[PDB]
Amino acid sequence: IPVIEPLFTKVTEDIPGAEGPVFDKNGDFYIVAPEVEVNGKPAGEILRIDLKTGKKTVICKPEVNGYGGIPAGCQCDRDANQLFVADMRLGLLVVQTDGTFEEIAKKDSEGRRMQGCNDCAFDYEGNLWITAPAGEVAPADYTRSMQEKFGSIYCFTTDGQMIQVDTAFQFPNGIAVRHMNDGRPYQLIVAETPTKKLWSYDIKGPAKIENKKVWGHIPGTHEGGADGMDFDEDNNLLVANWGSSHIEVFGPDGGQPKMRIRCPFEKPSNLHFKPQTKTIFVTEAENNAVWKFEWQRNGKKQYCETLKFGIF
C-alpha cells in the first residue's frame, strides 16, 4: 500500500490521553485529556488550546456527584456554539465555552442505564451517532469492552431521545457518517478497535440503521487498531490506527486502505480537520501530544460548518 510521510508540526504537549480534537464555530480548538487523575481516580479535562502559542487552558473538569469524568471524544453543535462530549464515565455531556456543562442521560430511551461513551459523529440532519465501549456510567464500577463484547452504539436524536441502536461490540471507538452529495446521511462507519475491523450500516433515517457489514480491514496485529476517524471532502476515510504508527486512508468503497500516512509516533488516537483547510490535527498517546500535518485536500465539512437557514 502506498505510504506518505508528510511533515508533522508540533501543536501542544503533556495532555494525558490526548483525544477528541475539535474546532468550534469560531475556529477555536479544543482537546480532551481523559487520563488526568487525582488520587488515582478519574479527573479528566476539556481544554482550549491557543494555536499560536500552544498554551493550554482547562475549561471544564467534569464531575457528577463526585464521580470525575473521562472525556474522550467531541463534536461541535451547529445551532449553538457548544460541544457534545462522549465521556467514558459520564455518558454524553454538553459543554459550553464558559466551561459549564450538563450530563445528558443516566438512562436511554428504553430505561436501560446509559453506558460510558468514547466518540461521536453528527450527521447533517443533526442526529448524533455515539460509540459506547464502557459499561454503565457512574456511579457504576468502571468497565470497558476490550475483552468482552458489551460495547453499544447510540443515536441521540433531534427530538432528544437517546436510542440504543446496536450492541455487542468489542470496544466500538471512532465513528463517522457518510453523506450523499445532496447532504442526505446514508452510511454509518464504526471502528471496533481490537478486532481490526471497521463496520458499516445503511442509515435509513434518524436512529434507524440496517445492513451491518464488515466494511474495512485495519492493518497489523499490534495491540490497538482503529481509534478516531474523519472523512475528507472526497469521502476518503482517514482512521488513526493506534499502535501501528500510521493513519490509514480508505477510499469510498472501503476494504483495504488505499494509502497510509506514517506518523512520527506509534499511537495516533484521533484526528480533526481545521475548517476551510487541508490541515489535520492529530492527537497521540505515545507522547500525550497534538500535532498537525497537511493532507491532499480539505476535510468533509462537519455539521457545525453547515447552515440551518441556507438556500443551497
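Note that residue numbering begins at 1 and tracks the sequence as displayed.
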{"property": "Mean C-alpha B-factor comparison - 33-41 and 245-253, higher one", "result": "33-41"}
{"property": "69-77 set against 111-119, stretch whose average Cα temperature factor tops the other in the entry", "result": "111-119"}
{"property": "Among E223, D232, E192, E136 - the residue whose C-alpha B-factor is largest in the record", "result": "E223"}
{"property": "Residue with highest C-alpha B-factor in the PDB entry, from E294, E13, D24, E19", "result": "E13"}
{"property": "Ranked C-alpha temperature factor of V239 among modelled chain residues, by third", "result": "lowest"}
{"property": "CA B-factor ranking of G228, expressed as a third of its chain", "result": "lowest"}
{"property": "Third of chain Cα B-factors occupied by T57", "result": "middle"}
{"property": "Where the record places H179 (Cα B-factor, split into thirds across the chain)", "result": "middle"}
{"property": "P219 CA temperature factor, ranked by third within the chain", "result": "highest"}
